[PDB]
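Structure first, commentary second.
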Amino acid sequence: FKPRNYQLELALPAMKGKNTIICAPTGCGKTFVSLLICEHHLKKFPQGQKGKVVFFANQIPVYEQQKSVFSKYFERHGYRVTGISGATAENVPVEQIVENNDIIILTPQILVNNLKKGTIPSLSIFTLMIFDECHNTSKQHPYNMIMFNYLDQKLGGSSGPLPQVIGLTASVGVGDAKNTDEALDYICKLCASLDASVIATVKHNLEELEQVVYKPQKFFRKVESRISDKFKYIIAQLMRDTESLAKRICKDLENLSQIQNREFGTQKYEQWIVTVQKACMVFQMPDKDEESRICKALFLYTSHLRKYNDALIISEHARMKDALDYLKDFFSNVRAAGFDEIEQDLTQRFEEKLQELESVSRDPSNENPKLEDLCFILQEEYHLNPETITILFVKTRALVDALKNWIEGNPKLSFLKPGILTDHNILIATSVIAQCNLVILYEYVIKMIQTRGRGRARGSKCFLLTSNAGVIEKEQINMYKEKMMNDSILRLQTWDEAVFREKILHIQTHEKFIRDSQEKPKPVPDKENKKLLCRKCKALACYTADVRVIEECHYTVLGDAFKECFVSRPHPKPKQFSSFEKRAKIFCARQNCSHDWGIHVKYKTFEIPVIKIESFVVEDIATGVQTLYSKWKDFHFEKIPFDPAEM
RNA sequence: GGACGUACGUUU
RNA sequence: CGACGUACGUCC
Ligand SMILES: [Zn+2]
């Protein structure tokens, strides 16, 4: 409630009436700077005129937090504060909200959708655009699209009452720059994309930030992996047998994906599996039934190989028993789907191998040395200080649960309590305040950024465990980049204003140039009637003449004959988006297919099965080729809009 | 469902 | 120096 020199020096360049790239690591500091700038902006206007400051929050939690803070602050001043979110902008006059409010905190995607539709034609209605975590303004972000619209309206020659573009962040960032030249070039490009000539950074009151800055210390621990990999050897033999028995129907399986040699349990092998799957999903045997059987068998074999590769990665990273548990869970989930010859062979082979796999996994001599040293350093820190709440960063959503199960089943430790955030001593998270003075990045590659919210100094460690010193060197150069970016900011604060502005202007110019150069024309709409087939079944789903478009993004089918071609399933997490209500999922209605086709929702009153071309193959009736797309934007055809007059 | 970003990996 | 695959996170 009382502004200090630290909170005032960052806002001093912003009160003069110029854009800024204010960089404050303190979470409370950013909110206080927001409030002070908003007060000084709405108070400096004379009678008759009024501000329309807009705050762009990226996430819903920080959005609601800023909304509550602004509504609690600007109450006695006589200012109307509101909010527009994803669950609040449904059939609501956003134009009337903007015209009757002054401190709207609408998220950026809402403003992008409004600019695309036609509501709020010019941004000149606003007067002060305060972004949150502005360093995301890089490419195709909602922030970047709002800035593209602003720069277009500015350089177009109709620059009216343009709003201020004061941005707030914690780290300006470097990206892929190598030397100070490319670092300064990237920072200048960001400053031009956000249209500012000042970067507010503390230089005279560094002690106020050093008091609470949350600067931890790194303790990189390069450790080795297992040696006697009996589990990995058995899984590799199983995968070799599976590939050998799968090559009986496709003699040219090796000629479909030509990259390099492949090894089981690698991301390269996973990519090769996905590529050979997408290559075997386009077969054109004229039988149309044996072809479907061969495609289904190849899809099942490839899915089994992918699951085995995922199990090998889980065995390499987390405990050995967790990989066997994941394989048993996958086999139990596929057992309750269908029983054909392919499943009756694969599941029976896995059951034959499980009698040895369980005996190998239950051996205490095959424990991961990475998990061993992890529990070692954990118990070390815990008996050194028994009041250290920790956070453990994991890469995979399966490993973040495997480590929780390991901690729950580890006899060497009992004080730990799993606090998974995909009565809580350890918080095993995957990707992200004022607490948790211990971080353990377990094979997870800035990603430990905690200086965006509330923080506290006086004790913080940033242990990093890994198996490849590569990653170590990576983090090293990362710290290097941190330093160099600091230096670059210093240089910018040493630069003059006018020339700087001129430079950034030229930058924006070139940018717009590139933009107008990268403007694809309308795709030539195909006039033929191509049909879509299932991925793992190759069954006739629907013709492109019965496909309708809702909002240039969603695709449905109006064919009543299609209504019996799928089955419904209760959605694991129903939620609303824009104008839809996610009610259920639609899967393939075949013997043992159960392929994920799409999602059954309700648009306004009508029930529609919104499908995804990703889970579809395109076969033309004129030519005969079977092309395979990923996104609807890549599929070019007669995109007929959704006409509610028909159904 | 669609868009966006990040990380890893493969390639002309 | 562009596309591609995966994982993660966000948004509408
Ligand atoms: Zn099917």
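Naming scheme: A, B, ... for chains in displayed order of the structure tokens; residues 1 onward per chain; ligands 1 onward as shown.
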Can you tell me, as a count of residues only, which residues in range 262-446 of chain A count as helix (DSSP H, G or I) by DSSP?
108
Report as a CSV table (one decimal) with C-alpha atoms, in the first residue's frame which protein, DNA and RNA residues come within 7 Å of ligand 1, using only C-alpha atoms (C1' of nucleotides) and all ligand atoms.
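That gives us pocket_0.csv:
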```
chain,number,residue,atom,x,y,z
A,534,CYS,CA,-10.5,-44.6,-40.5
A,535,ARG,CA,-6.8,-44.8,-39.6
A,536,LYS,CA,-6.5,-48.3,-38.0
A,537,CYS,CA,-9.6,-49.8,-39.8
A,538,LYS,CA,-9.7,-48.1,-43.3
A,539,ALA,CA,-13.5,-48.1,-43.2
A,588,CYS,CA,-15.1,-45.8,-34.5
A,589,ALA,CA,-18.1,-48.2,-34.5
A,590,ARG,CA,-16.4,-51.4,-35.7
A,593,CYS,CA,-11.3,-50.8,-33.8
A,594,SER,CA,-12.3,-48.3,-31.0
A,595,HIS,CA,-10.2,-45.6,-32.8
```
Set the cut-off to 7 Å and count only C-alpha atoms (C1' of nucleotides): what are the residues of chain A that reach chain B? Output as a VMD selection string.
chain A and resid 140 to 141 267 to 268 445 553 to 554 599 610
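For range 339-418 of chain A, backbone-based DSSP labels the following residues as strand (DSSP E or B): residues 390, 391, 392, 393 and 418 of chain A.
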For the selection just defined, write its residues with N, CA and C atoms to a file, as a compact mmCIF listing (two decimals), in the first residue's frame.
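As a result, again.txt now contains:
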```
# COMPACT_ATOMS: atom_id res chain seq x y z
N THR A 390 10.31 -29.44 -0.73
CA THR A 390 11.05 -29.53 -2.00
C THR A 390 10.09 -29.55 -3.18
N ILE A 391 10.64 -29.27 -4.36
CA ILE A 391 9.90 -29.41 -5.64
C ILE A 391 10.80 -30.15 -6.61
N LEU A 392 10.26 -31.19 -7.23
CA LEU A 392 11.04 -32.06 -8.14
C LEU A 392 10.44 -31.95 -9.53
N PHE A 393 11.22 -31.43 -10.47
CA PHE A 393 10.76 -31.22 -11.86
C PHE A 393 11.04 -32.47 -12.69
N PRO A 418 3.97 -37.28 -1.25
CA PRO A 418 3.81 -36.84 -2.63
C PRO A 418 2.79 -35.70 -2.77
```
Can you pull out every residue within 9 Å of residue 430 in chain A, counting only C-alpha atoms (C1' of nucleotides), but drop anything in the same chain fewer than 3 positions away, and send it as a count of residues only?
12
Each residue of chain A lying at most 7 Å from chain C should get a row with its shortest atom-to-atom pair and the distance in Å to one decimal, counting only C-alpha atoms (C1' of nucleotides); could you produce that, ordered by chain and increasing number, as JSON lines?
```
{"residue": "A:59", "atom": "CA", "partner": "C:10", "partner_atom": "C1'", "distance": 6.9}
{"residue": "A:86", "atom": "CA", "partner": "C:12", "partner_atom": "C1'", "distance": 6.2}
{"residue": "A:109", "atom": "CA", "partner": "C:12", "partner_atom": "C1'", "distance": 6.6}
{"residue": "A:271", "atom": "CA", "partner": "C:5", "partner_atom": "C1'", "distance": 5.2}
{"residue": "A:396", "atom": "CA", "partner": "C:7", "partner_atom": "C1'", "distance": 6.5}
{"residue": "A:431", "atom": "CA", "partner": "C:9", "partner_atom": "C1'", "distance": 6.7}
{"residue": "A:577", "atom": "CA", "partner": "C:12", "partner_atom": "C1'", "distance": 5.9}
{"residue": "A:578", "atom": "CA", "partner": "C:12", "partner_atom": "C1'", "distance": 5.6}
```
